[PDB]
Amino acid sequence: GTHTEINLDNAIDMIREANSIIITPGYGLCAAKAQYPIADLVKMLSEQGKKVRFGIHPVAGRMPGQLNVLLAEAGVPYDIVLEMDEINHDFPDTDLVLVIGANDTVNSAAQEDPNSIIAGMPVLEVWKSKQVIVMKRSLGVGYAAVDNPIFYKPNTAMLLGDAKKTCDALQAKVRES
């Protein structure tokens, strides 16, 4: 089949091996209320000395600034939350990107296909990192109703499930130490 599926233990080993992690959150994160386990995951991984930051697209979510507000409300410190144009240049130097409920905001067809409906629209360049894990329930579309090439790239693994079920489980496995 055209994409790669991984399990939770594969994801934990990828996190463990990464020094630098960027989370790119989208609508799926807050649809699932996954902000709460994620804020604890990030605190634990930061305590293990990893560089853990968020890269948030200005149009992520369904309301302006929605991911920024909900992550702040959940306790994520403002100093590790960056704007797209502040963080995009770092993706080639990033060991692991966690795409959590984002799709349109990380869709490479905006740069790779000049005849795409989203051609020319700015995106987060997550496919330039060493390893991408996409957390969503299916191989299906987001708001713009288009396919996303990053799901079939060789450095992408799909971690399929509801975002809060997955992140609760990853929080538990990291808490194991």
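In case it trips you up, residue 1 is the first one in the sequence shown, and so on.
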property	result
Higher-B stretch (mean Cα B-factor, as the entry records it), 122-130 or 46-54	46-54
Record-listed C-alpha B factor of residue 36: chain third	highest
Chain-wide C-alpha B factor ranking for residue 104, given as lowest, middle or highest third	lowest
Ranked against its chain, the third holding the CA B-factor of residue 149	middle
Modelled-residue ranking by C-alpha temperature factor, third containing residue 117	highest
Relative C-alpha B-factor of residue 135, binned into the chain's lowest, middle or highest third	lowest
